[PDB]
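Novice: Right, I'll just put the structure down here and ask away after.
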Amino acid sequence: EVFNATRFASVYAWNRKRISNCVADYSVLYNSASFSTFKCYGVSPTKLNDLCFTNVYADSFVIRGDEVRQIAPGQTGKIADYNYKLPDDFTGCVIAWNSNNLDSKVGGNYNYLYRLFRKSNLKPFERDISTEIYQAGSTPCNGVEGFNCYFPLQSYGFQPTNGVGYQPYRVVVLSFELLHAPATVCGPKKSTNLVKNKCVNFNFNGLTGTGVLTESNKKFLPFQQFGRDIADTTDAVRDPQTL
Amino acid sequence: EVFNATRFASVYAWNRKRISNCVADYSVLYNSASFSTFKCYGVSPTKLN
Amino acid sequence: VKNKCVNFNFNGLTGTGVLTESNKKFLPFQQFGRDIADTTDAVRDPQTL
Amino acid sequence: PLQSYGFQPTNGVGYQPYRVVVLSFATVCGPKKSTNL
Amino acid sequence: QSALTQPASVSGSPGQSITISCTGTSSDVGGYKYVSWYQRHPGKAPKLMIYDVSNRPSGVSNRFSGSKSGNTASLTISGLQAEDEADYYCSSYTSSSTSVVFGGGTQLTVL
Amino acid sequence: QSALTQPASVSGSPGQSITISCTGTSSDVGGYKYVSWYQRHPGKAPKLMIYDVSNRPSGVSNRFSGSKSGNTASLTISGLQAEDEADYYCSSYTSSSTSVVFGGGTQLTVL
Amino acid sequence: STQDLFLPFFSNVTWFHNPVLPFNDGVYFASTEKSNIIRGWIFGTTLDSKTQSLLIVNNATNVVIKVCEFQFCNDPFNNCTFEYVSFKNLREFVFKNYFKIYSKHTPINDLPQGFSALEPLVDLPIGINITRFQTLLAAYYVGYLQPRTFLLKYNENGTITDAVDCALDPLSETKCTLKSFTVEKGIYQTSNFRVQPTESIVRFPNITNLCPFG
Amino acid sequence: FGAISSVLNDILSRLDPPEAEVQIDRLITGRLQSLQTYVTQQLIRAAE
Amino acid sequence: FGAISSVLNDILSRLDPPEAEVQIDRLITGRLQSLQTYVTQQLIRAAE
Amino acid sequence: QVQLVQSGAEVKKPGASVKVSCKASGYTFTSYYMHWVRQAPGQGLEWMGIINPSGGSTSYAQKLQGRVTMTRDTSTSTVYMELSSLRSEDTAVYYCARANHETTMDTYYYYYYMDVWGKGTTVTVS
Amino acid sequence: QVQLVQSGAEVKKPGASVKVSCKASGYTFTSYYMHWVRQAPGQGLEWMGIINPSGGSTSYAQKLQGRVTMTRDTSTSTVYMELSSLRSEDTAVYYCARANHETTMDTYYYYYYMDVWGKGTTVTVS
Ligand SMILES: *[C@@H]1O[C@H](CO)[C@@H](O)[C@H](O)[C@H]1NC(C)=O
Ligand SMILES: *[C@@H]1O[C@H](CO)[C@@H](O)[C@H](O)[C@H]1NC(C)=O
Ligand SMILES: *[C@@H]1O[C@H](CO)[C@@H](O)[C@H](O)[C@H]1NC(C)=O
Ligand SMILES: *[C@@H]1O[C@H](CO)[C@@H](O)[C@H](O)[C@H]1NC(C)=O
Ligand SMILES: *[C@@H]1O[C@H](CO)[C@@H](O)[C@H](O)[C@H]1NC(C)=O
Ligand SMILES: *[C@@H]1O[C@H](CO)[C@@H](O)[C@H](O)[C@H]1NC(C)=O
């Protein structure tokens with residue numbers, strides 16, 4: 001649904017979708033050959049099906065070709081300042097693929113807008129849909145376009161076939177949000193039986209490790225998934241299938 | 001005068017111009033959209049003023 | 001402003017301290033002084049000598 | 001599909017046959033420029 | 001979208017100023033800064049005076065100005081004459097199926 | 001720049017060698033290595049036998065050589081014949097408004 | 001402590017009483033004048049036109065500095081870029097490379113022994129590539145600057161009162177390391193001794209077993 | 001210590017090698033530097 | 001310490017955070033390690 | 001004298017196909033776009049679609065599927081306008097329109113400025 | 001047989017315009033450039049400007065502002081040469097010239113080698 005969305009929004013008023021309550025098989029995403037840029041900040045593009053996440057964000061764009069480099073941590077530039085800000089400690093992937101077919105009409109497809117004037121750079125994931133006229137001088141504008149009074153939005157266009165870095169790149173961005181809470185979106189692993197009192201290599205809801213899983217006497221609260229020790233290491237775990 | 005100079009010289013004989021004794025407003029240079037590459041090694045382009 | 005903890009910026013030299021009239025005998029060419037720590041010990045104003 | 005070249009000694013510079021060797025590039029190292037001990 | 005809304009006919013007097021309204025959708029005028037107006041001398045070709053809402057080609061008399069707010073574009077004619085009697089059409093780019101929309105038109109009759 | 005300087009006419013004898021001068025500006029010949037010479041047989045087309053100052057295209061007899069120093073380019077014809085009687089024009093790229101300049105030309109008359 | 005181009009201590013200085021002299025890295029000039037015979041300098045490479053040359057002259061009222069492609073005389077006594085108009089007498093100067101000038105003027109009653117510090121007075125951002133210089137006309141002195149280390153002693157007023165030439169002698173090296181002009185009795189590690197290599201040897205094995213290029 | 005995470009398994013279950021060795025290296029230096037400090041603290045305290 | 005400059009107030013007025021973080025980190029790991037060196041000296045010297 | 005000329009008028013009955021030209025003059029034919037606007041009787045002006053003189057890439061209104069194919073000629077600087085399966089409302093005055101910027105690489109200015117025009121060419125279908 | 005053929009001679013009086021096209025043969029018309037050199041009477045040979053068969057981009061000598069517009073035809077491999085506001089010295093022998101390298105991407109070799117030629121085309125203006 002998110003990847004094959006009918007139409008996306010422009011970068012300035014970008015659409016955010018919430019993804020949860022499932023299993024997910026990202027390996028098909030990596031094995032597509034349809035994605036010109038598949039770069040991730042922290043993950044192996046592989047092995048991504050061995051993880052568990054609480055909330056998976058899907059942000060998605062109409063940015064320009066030469067611009068894709070800016071959808072990344074630590075970048076600075078036109079979109080990365082007033083249109084979309086990734087945080088420094090971003091934990092996700094940035095999937096880009098030029099859709100010139102979908103939106104590039106002769107005489108240019110102009111549906112897609114971007115803020116060009118802004119007083120201050122955005123905070124991470126901050127979205128600004130303000131349509132106030134930009135006061136670029138010392139005199140008030142009062143919604144009157146003219147000198148030092150410019151509407152802060154502009155239309156990209158994306159000429160049909162004139163884009164080498166001037167083409168629509170629907171940059172979908174996954175932001176992987178984990179509270180060390182109930183993970184909810186994690187990949188197709190077969191939940192084998194459980195073995196007790198024996199050293200095993202376990203993977204509970206994305207929490208990995210090696211140890212001896214024994215019956216406890218601790219009293220967990222209904223909202224708690226796992227205890228911890230003084231060392232910040234895992235101490236007790238709730239079986240996600242058996243309470 | 002530097003940026004909108006009439007004619008630049010070639011790289012092997014690159015021209016140098018000395019700029020001093022004024023106030024500088026680099027923000028107009030950053031806010032131009034006419035520069036494909038604006039990379040700064042030490043300044044952020046912002047806060048340069 | 002003198003005799004008060006303020007943040008200050010003289011010609012790009014940024015810091016926090018108390019600006020007081022000093023009795024140091026600067027020479028007419030010396031722009032500012034330093035302490036043993038290679039830290040700014042005194043400045044002379046770009047507007048008022 | 002293939003045609004032969006009419007190489008003659010009385011032809012011009014461009015029509016003369018030329019022996020061309022292309023050395024496309026571990027077991028094959030360069031020589032040894034050494035000095036006295 | 002659909003055809004824009006213009007007054008059916010506006011009258012006035014020479015030298016007096018008359019303004020023409022142009023209402024559309026937020027996807028026709030309110031999302032964009034691309035309003036352009038036109039005029040019909042009867043039996044003749046269009047002629048552009050307005051584009052970039054308040055901007056102008058070279059050679060158009062300073063009597064015609066364009067304005068923008070909300071869903072309303074507007075054209076103002078200062079110092080009217082019988083020279084000015086014509087039909088008037090506002091145009092805009094749209095963020096939808098089509099790309100260009102026009103108003104119904106306005107006949108300015110000089111009395 | 002302006003048209004290059006070539007001798008009006010040079011005569012000689014068959015088998016003897018004749019050299020042709022070509023003076024320009026430092027922006028015509030002295031800044032570049034791009035001097036080329038051509039010949040006019042009367043009522044015929046040009047022909048390129050000199051380029052890259054001293055370089056030669058395939059098929060040009062080894063009798064014509066080109067040389068370069070300062071503002072002076074020069075063409076030497078060794079072993080002259082009545083076969084060689086023609087007009088000669090030197091050409092060069094220029095670092096100024098234009099891109100190609102030619103000499104006035106030289107008629108080599110074989111006596 | 002700092003490093004720059006200074007006059008190494010107790011070095012030879014050429015005593016004159018006209019010709020053109022080298023500018024190797026920076027020239028220290030001193031003069032003892034009674035009648036103010038010396039009037040200026042010339043700096044450059046050829047000191048003849050078809051290149052820019054520094055010219056400094058005091059004509060009786062002011063100091064004029066100019067850098068044209070001058071027509072110099074053989075025995076002096078266009079396309080211009082920069083211009084400016086301003087034995088008892090001991091005048092000292094330091095000329096080094098842009099172009100920077102210091103001086104210190106004192107009276108005296110053949111080079112007086114004693115220490116004084118030189119202060120900067122004029123900046124000339126001309127960027128002339130200088131290798132030769134000649135003094136325009138009494139005795140005057142010329143020595144050459146070198147990249148040496150010094151330990152400068154600022155007094156209460158910021159006045160330089162002493163200095164240590166750091167490589168003048170092993171005693172002066174010790175004063176460098178201890179950052180002091182006084183050294184108590186003892187043994188001090190000052191530097192490191194190191195034999196430098198004499199030549200470069202590049203080797204690869206016997207050249208037998210050649211590929212059959214033939 | 002500037003790592004994206006303080007659990008090395010997360011580094012393993014997150015990263016491919018071509019960026020993992022950089023990230024675990026940032027963890028390796030601080031943690032070793034921590035034990036290094038601790039031993040010296042003990043060594044001095046042991047002498048006490 | 002390999003940072004472009006040794007003044008924190010410069011670096012902050014010189015770089016935006018995503019790049020200044022790298023340079024400041026160079027001072028911190030160095031300057032701390034010097035402070036760490038000094039403390040170890042004092043402990044040993046204080047024992048003397 | 002940058003000016004656009006189509007052919008004369010046509011008289012059609014429904015279901016036919018019609019050929020409308022538009023030659024250009026006074027400029028570089030490969031730079032600007034060619035826009036096309038008609039005028040249905042009593043309702044205002046109406047854009048079909050466009051074609052690029054540089055490559056010939058086409059597009060048109062959804063409401064005009066399969067009933068329009070825009071062709072062109074670079075050698076004679078002539079662009080051609082086709083409308084098949086003709087209906088009564090296809091009676092209109094058909095204009096050829098030029099864009100107010102040259103096709104430019106890595107561009108920003110949008111290419112729908114309708115500023116240069118044909119005389120007009122009315123279609124009659126009944 | 002790579003050979004360039006221009007039109008025949010012309011007889012003009014001042015102020016007119018003249019049409020001198022040059023067809024090509026024996027090669028790929030879209031690769032090389034077309035250079036143009038005249039011969040004023042008594043003074044030597046003189047280049048106008050050129051046009052690229054790939055795109056049609058033009059340029060010419062400053063001394064020849066507005067008098068000259070170079071056009072071409074890819075279909076017939078014919079390139080056309082225009083000179084308006086004709087004057088007496090415009091009497092000259094015009095030759096079409098071909099560049100000694102094919103238009104190549106990211107190239108180094110300069111494209112003013114004048115190596116392939118037309119028979120001629122003398123202009124007479126009085
Ligand atoms: C888990 O789901 C399966 C169906 O896939 C069902 O058989 C089983 O009862 C469920 N168990 C729990 C604890 O929800
Ligand atoms: C200085 O010159 C004298 C002779 O004039 C010479 O004996 C001495 O070695 C020289 N010293 C230096 C450091 O050049
Ligand atoms: C002075 O500068 C001009 C600048 O072009 C140059 O032509 C001239 O040769 C220069 N003068 C000398 C003596 O070199
Ligand atoms: C000193 O000489 C310079 C020569 O460049 C001259 O311009 C200046 O006027 C002279 N000074 C006086 C006071 O005459
Ligand atoms: C200074 O002039 C000399 C002339 O001998 C030249 O060799 C040298 O390169 C010049 N310096 C510079 C920096 O060009
Ligand atoms: C500093 O200067 C004052 C006069 O300005 C003088 O009286 C005093 O002696 C100087 N102090 C030193 C240490 O030179």
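How things are named: the first chain in the structure tokens is A, the next is B, and so on; residues count from 1 in each chain; ligands count from 1 in the order shown.
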Just want the 10 Å neighbourhood of region 20-35 of chain E, counted on only C-alpha atoms, with same-chain residues fewer than 3 positions away dropped. Output as number ranges by chain.
Specialist: A: 110-111, 113, 131, 145, 151, 153-155; E: 1-7, 9-10, 50-55, 66-77, 88-96, 98-108; J: 110, 112-113
Novice: I'd like the superposed copy of chain K - fitted to chain J by least squares over all paired Cα atoms - as an mmCIF file with C-alpha atoms, in the first residue's frame.
Specialist:
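Result file follows (part.cif):
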```
data_model
loop_
_atom_site.group_PDB
_atom_site.id
_atom_site.type_symbol
_atom_site.label_atom_id
_atom_site.label_comp_id
_atom_site.auth_asym_id
_atom_site.auth_seq_id
_atom_site.Cartn_x
_atom_site.Cartn_y
_atom_site.Cartn_z
ATOM 1 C CA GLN K 1 7.994 38.239 -36.603
ATOM 2 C CA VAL K 2 7.469 35.132 -34.469
ATOM 3 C CA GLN K 3 4.020 34.029 -35.612
ATOM 4 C CA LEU K 4 2.152 30.700 -35.760
ATOM 5 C CA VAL K 5 -0.009 29.919 -38.833
ATOM 6 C CA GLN K 6 -2.500 26.991 -38.781
ATOM 7 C CA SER K 7 -4.582 25.535 -41.664
ATOM 8 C CA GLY K 8 -7.928 27.059 -42.841
ATOM 9 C CA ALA K 9 -11.398 26.079 -41.670
ATOM 10 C CA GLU K 10 -12.840 22.568 -42.053
ATOM 11 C CA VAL K 11 -16.389 21.289 -42.497
ATOM 12 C CA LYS K 12 -16.852 17.823 -40.992
ATOM 13 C CA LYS K 13 -19.721 15.464 -40.275
ATOM 14 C CA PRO K 14 -19.498 13.210 -37.186
ATOM 15 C CA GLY K 15 -17.124 10.251 -37.122
ATOM 16 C CA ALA K 16 -14.447 11.626 -39.486
ATOM 17 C CA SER K 17 -10.854 12.706 -38.821
ATOM 18 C CA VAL K 18 -9.430 16.174 -39.360
ATOM 19 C CA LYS K 19 -5.917 17.472 -40.027
ATOM 20 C CA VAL K 20 -4.881 20.857 -38.552
ATOM 21 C CA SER K 21 -1.100 21.575 -38.827
ATOM 22 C CA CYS K 22 0.537 24.843 -37.559
ATOM 23 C CA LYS K 23 3.832 26.200 -38.974
ATOM 24 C CA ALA K 24 6.117 28.433 -36.927
ATOM 25 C CA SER K 25 8.313 31.395 -37.837
ATOM 26 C CA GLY K 26 10.939 33.769 -36.484
ATOM 27 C CA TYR K 27 12.693 31.518 -33.949
ATOM 28 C CA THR K 28 14.450 28.204 -33.272
ATOM 29 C CA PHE K 29 11.817 25.505 -33.815
ATOM 30 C CA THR K 30 13.496 22.986 -31.502
ATOM 31 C CA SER K 31 13.434 25.174 -28.351
ATOM 32 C CA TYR K 32 9.855 25.928 -27.288
ATOM 33 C CA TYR K 33 6.836 23.670 -26.778
ATOM 34 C CA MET K 34 3.636 23.741 -28.867
ATOM 35 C CA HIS K 35 0.434 24.069 -26.852
ATOM 36 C CA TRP K 36 -3.057 23.540 -28.235
ATOM 37 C CA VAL K 37 -6.260 25.242 -27.084
ATOM 38 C CA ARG K 38 -9.772 25.038 -28.558
ATOM 39 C CA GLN K 39 -12.937 27.043 -27.850
ATOM 40 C CA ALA K 40 -16.146 25.034 -27.564
ATOM 41 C CA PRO K 41 -19.232 27.071 -28.548
ATOM 42 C CA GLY K 42 -20.457 29.080 -25.572
ATOM 43 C CA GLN K 43 -17.983 27.571 -23.088
ATOM 44 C CA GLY K 44 -14.432 28.842 -22.717
ATOM 45 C CA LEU K 45 -11.012 27.855 -23.894
ATOM 46 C CA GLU K 46 -9.783 24.316 -23.563
ATOM 47 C CA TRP K 47 -6.308 22.761 -23.784
ATOM 48 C CA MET K 48 -5.769 19.330 -25.385
ATOM 49 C CA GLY K 49 -2.170 18.299 -24.909
ATOM 50 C CA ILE K 50 1.233 19.096 -26.327
ATOM 51 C CA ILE K 51 4.170 17.718 -28.299
ATOM 52 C CA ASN K 52 7.861 18.499 -27.945
ATOM 53 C CA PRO K 53 9.615 19.575 -31.172
ATOM 54 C CA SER K 54 12.846 18.151 -29.741
ATOM 55 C CA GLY K 55 11.672 14.540 -29.458
ATOM 56 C CA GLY K 56 7.991 14.364 -30.353
ATOM 57 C CA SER K 57 6.829 13.155 -26.932
ATOM 58 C CA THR K 58 3.053 13.416 -26.663
ATOM 59 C CA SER K 59 0.360 13.695 -23.997
ATOM 60 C CA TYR K 60 -3.215 14.957 -23.847
ATOM 61 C CA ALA K 61 -6.342 15.326 -21.768
ATOM 62 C CA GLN K 62 -7.923 12.219 -20.284
ATOM 63 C CA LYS K 63 -11.363 13.268 -21.610
ATOM 64 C CA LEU K 64 -9.714 13.075 -25.068
ATOM 65 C CA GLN K 65 -8.456 9.459 -24.992
ATOM 66 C CA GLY K 66 -7.641 7.860 -28.336
ATOM 67 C CA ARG K 67 -9.335 10.667 -30.297
ATOM 68 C CA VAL K 68 -6.185 12.775 -30.576
ATOM 69 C CA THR K 69 -2.625 12.202 -31.827
ATOM 70 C CA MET K 70 -0.289 15.181 -32.190
ATOM 71 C CA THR K 71 2.414 14.996 -34.867
ATOM 72 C CA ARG K 72 4.954 17.516 -36.131
ATOM 73 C CA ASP K 73 7.542 18.332 -38.805
ATOM 74 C CA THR K 74 10.907 19.810 -37.851
ATOM 75 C CA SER K 75 12.064 20.332 -41.476
ATOM 76 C CA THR K 76 9.164 22.663 -42.304
ATOM 77 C CA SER K 77 8.705 23.809 -38.672
ATOM 78 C CA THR K 78 5.132 22.537 -38.928
ATOM 79 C CA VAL K 79 3.227 20.745 -36.160
ATOM 80 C CA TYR K 80 0.075 18.728 -36.929
ATOM 81 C CA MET K 81 -3.144 18.224 -34.920
ATOM 82 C CA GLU K 82 -5.436 15.212 -35.280
ATOM 83 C CA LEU K 83 -8.943 14.572 -33.975
ATOM 84 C CA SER K 84 -10.872 11.440 -34.906
ATOM 85 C CA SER K 85 -14.374 10.128 -34.116
ATOM 86 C CA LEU K 86 -15.676 13.640 -34.463
ATOM 87 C CA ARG K 87 -18.785 14.773 -32.596
ATOM 88 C CA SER K 88 -21.034 17.828 -32.702
ATOM 89 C CA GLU K 89 -19.383 19.640 -29.780
ATOM 90 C CA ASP K 90 -16.018 19.237 -31.541
ATOM 91 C CA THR K 91 -17.105 22.400 -33.361
ATOM 92 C CA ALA K 92 -14.521 24.795 -31.916
ATOM 93 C CA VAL K 93 -11.830 27.337 -32.764
ATOM 94 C CA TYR K 94 -8.372 25.665 -32.540
ATOM 95 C CA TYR K 95 -5.227 27.785 -31.818
ATOM 96 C CA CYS K 96 -1.564 26.588 -31.757
ATOM 97 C CA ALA K 97 0.246 27.985 -28.695
ATOM 98 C CA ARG K 98 3.935 28.450 -27.905
ATOM 99 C CA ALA K 99 5.540 28.123 -24.468
ATOM 100 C CA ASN K 100 7.161 31.155 -22.849
ATOM 101 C CA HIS K 101 10.540 29.507 -22.317
ATOM 102 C CA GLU K 102 12.901 27.403 -24.387
ATOM 103 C CA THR K 103 13.315 23.783 -23.376
ATOM 104 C CA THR K 104 16.180 24.020 -20.938
ATOM 105 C CA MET K 105 18.157 21.376 -19.117
ATOM 106 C CA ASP K 106 17.716 20.949 -15.365
ATOM 107 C CA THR K 107 15.035 23.608 -15.505
ATOM 108 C CA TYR K 108 12.671 25.229 -12.997
ATOM 109 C CA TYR K 109 10.341 27.535 -14.976
ATOM 110 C CA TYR K 110 7.203 25.602 -15.784
ATOM 111 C CA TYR K 111 6.317 24.952 -19.422
ATOM 112 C CA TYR K 112 2.661 25.913 -19.696
ATOM 113 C CA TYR K 113 2.956 29.672 -20.304
ATOM 114 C CA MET K 114 0.634 30.214 -23.260
ATOM 115 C CA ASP K 115 1.914 33.398 -24.915
ATOM 116 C CA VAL K 116 2.287 32.986 -28.715
ATOM 117 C CA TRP K 117 -0.677 32.100 -30.814
ATOM 118 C CA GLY K 118 -2.181 31.039 -34.132
ATOM 119 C CA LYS K 119 -4.690 33.171 -36.106
ATOM 120 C CA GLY K 120 -7.290 30.399 -35.522
ATOM 121 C CA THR K 121 -8.968 27.347 -37.148
ATOM 122 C CA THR K 122 -12.679 26.904 -36.491
ATOM 123 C CA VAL K 123 -13.985 23.345 -36.839
ATOM 124 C CA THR K 124 -17.578 22.748 -37.914
ATOM 125 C CA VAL K 125 -19.109 19.339 -37.174
ATOM 126 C CA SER K 126 -22.795 18.456 -37.472
#
```
Novice: Restrict the distance test to only C-alpha atoms, flag each residue of chain I within 8 Å of chain H, and return the flagged residues as an MDAnalysis selection string.
Specialist: chainID I and resid 40 43:44 47
Novice: Quick one: chain I onto chain H, least squares on all Cα paired in order, result as a compact mmCIF listing (two decimals) with N, CA and C atoms, in the first residue's frame?
Specialist:
```txt
# COMPACT_ATOMS: atom_id res chain seq x y z
N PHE I 1 29.46 5.47 23.40
CA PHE I 1 30.81 5.84 23.00
C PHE I 1 30.86 6.44 21.60
N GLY I 2 29.73 6.94 21.11
CA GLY I 2 29.63 7.40 19.75
C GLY I 2 29.18 6.34 18.77
N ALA I 3 29.12 5.08 19.19
CA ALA I 3 28.53 4.06 18.35
C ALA I 3 27.02 4.20 18.35
N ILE I 4 26.39 3.69 17.29
CA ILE I 4 24.95 3.88 17.14
C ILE I 4 24.20 3.21 18.28
N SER I 5 24.79 2.21 18.91
CA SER I 5 24.14 1.52 20.01
C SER I 5 25.21 0.89 20.88
N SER I 6 24.84 0.51 22.10
CA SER I 6 25.81 -0.06 23.01
C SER I 6 25.63 -1.56 23.21
N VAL I 7 24.98 -2.25 22.29
CA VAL I 7 24.84 -3.70 22.34
C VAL I 7 25.58 -4.29 21.16
N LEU I 8 26.57 -5.14 21.44
CA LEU I 8 27.29 -5.80 20.35
C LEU I 8 26.35 -6.64 19.51
N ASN I 9 25.46 -7.39 20.16
CA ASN I 9 24.58 -8.28 19.42
C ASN I 9 23.65 -7.52 18.50
N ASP I 10 23.20 -6.33 18.91
CA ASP I 10 22.49 -5.47 17.97
C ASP I 10 23.34 -5.16 16.76
N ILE I 11 24.47 -4.47 16.97
CA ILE I 11 25.29 -4.00 15.86
C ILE I 11 25.54 -5.12 14.87
N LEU I 12 25.80 -6.33 15.38
CA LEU I 12 26.02 -7.47 14.50
C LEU I 12 24.75 -7.84 13.75
N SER I 13 23.60 -7.78 14.41
CA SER I 13 22.33 -8.00 13.73
C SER I 13 21.85 -6.77 12.97
N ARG I 14 22.50 -5.63 13.18
CA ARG I 14 22.10 -4.36 12.59
C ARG I 14 22.90 -3.99 11.35
N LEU I 15 24.21 -4.24 11.32
CA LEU I 15 25.03 -3.83 10.20
C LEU I 15 25.76 -5.01 9.58
N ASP I 16 26.00 -4.91 8.28
CA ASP I 16 26.91 -5.82 7.61
C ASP I 16 28.34 -5.50 8.04
N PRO I 17 29.26 -6.46 7.92
CA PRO I 17 30.61 -6.30 8.48
C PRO I 17 31.35 -5.06 7.99
N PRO I 18 31.32 -4.71 6.70
CA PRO I 18 32.14 -3.57 6.27
C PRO I 18 31.77 -2.26 6.94
N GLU I 19 30.53 -2.09 7.38
CA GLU I 19 30.15 -0.91 8.15
C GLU I 19 30.09 -1.16 9.64
N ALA I 20 29.78 -2.39 10.06
CA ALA I 20 29.75 -2.70 11.49
C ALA I 20 31.14 -2.62 12.10
N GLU I 21 32.16 -2.96 11.31
CA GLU I 21 33.53 -2.86 11.79
C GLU I 21 33.83 -1.49 12.36
N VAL I 22 33.31 -0.44 11.73
CA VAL I 22 33.56 0.92 12.22
C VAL I 22 32.91 1.12 13.58
N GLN I 23 31.64 0.74 13.71
CA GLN I 23 30.92 1.01 14.95
C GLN I 23 31.48 0.20 16.11
N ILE I 24 31.72 -1.10 15.90
CA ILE I 24 32.27 -1.93 16.96
C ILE I 24 33.62 -1.39 17.40
N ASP I 25 34.42 -0.92 16.44
CA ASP I 25 35.72 -0.36 16.78
C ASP I 25 35.59 0.80 17.75
N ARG I 26 34.49 1.55 17.66
CA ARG I 26 34.29 2.66 18.58
C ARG I 26 34.11 2.17 20.01
N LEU I 27 33.32 1.11 20.19
CA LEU I 27 33.21 0.52 21.52
C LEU I 27 34.54 -0.02 22.00
N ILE I 28 35.24 -0.75 21.14
CA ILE I 28 36.45 -1.44 21.58
C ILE I 28 37.48 -0.46 22.09
N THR I 29 37.74 0.61 21.34
CA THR I 29 38.72 1.59 21.79
C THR I 29 38.24 2.28 23.05
N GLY I 30 36.94 2.50 23.18
CA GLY I 30 36.42 3.10 24.39
C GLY I 30 36.39 2.13 25.54
N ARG I 31 35.73 0.99 25.35
CA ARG I 31 35.55 0.04 26.44
C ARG I 31 36.88 -0.48 26.95
N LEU I 32 37.81 -0.78 26.05
CA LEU I 32 39.16 -1.14 26.48
C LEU I 32 39.77 -0.04 27.31
N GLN I 33 39.62 1.21 26.87
CA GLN I 33 40.23 2.31 27.59
C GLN I 33 39.62 2.47 28.97
N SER I 34 38.34 2.12 29.12
CA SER I 34 37.74 2.09 30.45
C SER I 34 38.31 0.95 31.28
N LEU I 35 38.44 -0.23 30.69
CA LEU I 35 39.08 -1.34 31.38
C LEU I 35 40.52 -0.99 31.73
N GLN I 36 41.21 -0.33 30.80
CA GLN I 36 42.56 0.15 31.09
C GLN I 36 42.55 1.10 32.27
N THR I 37 41.55 1.97 32.34
CA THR I 37 41.44 2.88 33.47
C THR I 37 41.24 2.12 34.77
N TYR I 38 40.39 1.10 34.74
CA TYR I 38 40.10 0.34 35.95
C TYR I 38 41.34 -0.38 36.47
N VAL I 39 42.10 -1.00 35.57
CA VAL I 39 43.29 -1.74 35.99
C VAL I 39 44.29 -0.81 36.63
N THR I 40 44.54 0.34 36.01
CA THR I 40 45.47 1.31 36.58
C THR I 40 45.02 1.72 37.98
N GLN I 41 43.72 1.91 38.17
CA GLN I 41 43.21 2.19 39.50
C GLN I 41 43.55 1.07 40.46
N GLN I 42 43.32 -0.18 40.05
CA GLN I 42 43.55 -1.30 40.95
C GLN I 42 45.02 -1.40 41.33
N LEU I 43 45.91 -1.31 40.35
CA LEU I 43 47.34 -1.37 40.64
C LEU I 43 47.72 -0.34 41.69
N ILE I 44 47.30 0.91 41.50
CA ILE I 44 47.60 1.94 42.49
C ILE I 44 46.94 1.60 43.81
N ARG I 45 45.67 1.21 43.78
CA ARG I 45 44.97 0.89 45.01
C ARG I 45 45.56 -0.35 45.67
N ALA I 46 45.93 -1.35 44.86
CA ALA I 46 46.55 -2.54 45.43
C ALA I 46 47.87 -2.20 46.09
N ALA I 47 48.60 -1.23 45.53
CA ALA I 47 49.83 -0.79 46.18
C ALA I 47 49.54 -0.19 47.54
N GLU I 48 48.48 0.60 47.64
CA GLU I 48 48.06 1.13 48.94
C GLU I 48 47.79 0.00 49.92
```
Novice: Distance table requested - chain C against ligand 6, cut-off 10 Å, only C-alpha atoms and all ligand atoms: one row per qualifying residue with the closest atom pair and its distance in Å to one decimal, ordered by chain and rising residue number, as CSV.
Specialist:
```
residue,atom,partner,partner_atom_place_in_ligand_line,distance
C:24,CA,ligand 6,1 (C),9.3
C:25,CA,ligand 6,5 (O),6.8
C:26,CA,ligand 6,5 (O),9.6
C:27,CA,ligand 6,5 (O),9.8
```
Novice: Write to file, as a compact mmCIF listing (two decimals), in the first residue's frame, the residues of the selection just made, with N, CA, C and O atoms.
Specialist:
```txt
# COMPACT_ATOMS: atom_id res chain seq x y z
N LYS C 24 46.53 48.00 31.25
CA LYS C 24 47.64 47.42 30.51
C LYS C 24 48.14 48.41 29.47
O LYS C 24 47.36 49.15 28.88
N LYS C 25 49.46 48.42 29.26
CA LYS C 25 50.07 49.38 28.34
C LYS C 25 50.22 48.74 26.95
O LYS C 25 51.31 48.35 26.52
N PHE C 26 49.10 48.64 26.25
CA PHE C 26 49.14 48.16 24.88
C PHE C 26 49.91 49.12 23.99
O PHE C 26 49.85 50.34 24.16
N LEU C 27 50.64 48.55 23.04
CA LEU C 27 51.34 49.34 22.05
C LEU C 27 50.42 49.60 20.86
O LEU C 27 49.59 48.77 20.52
```
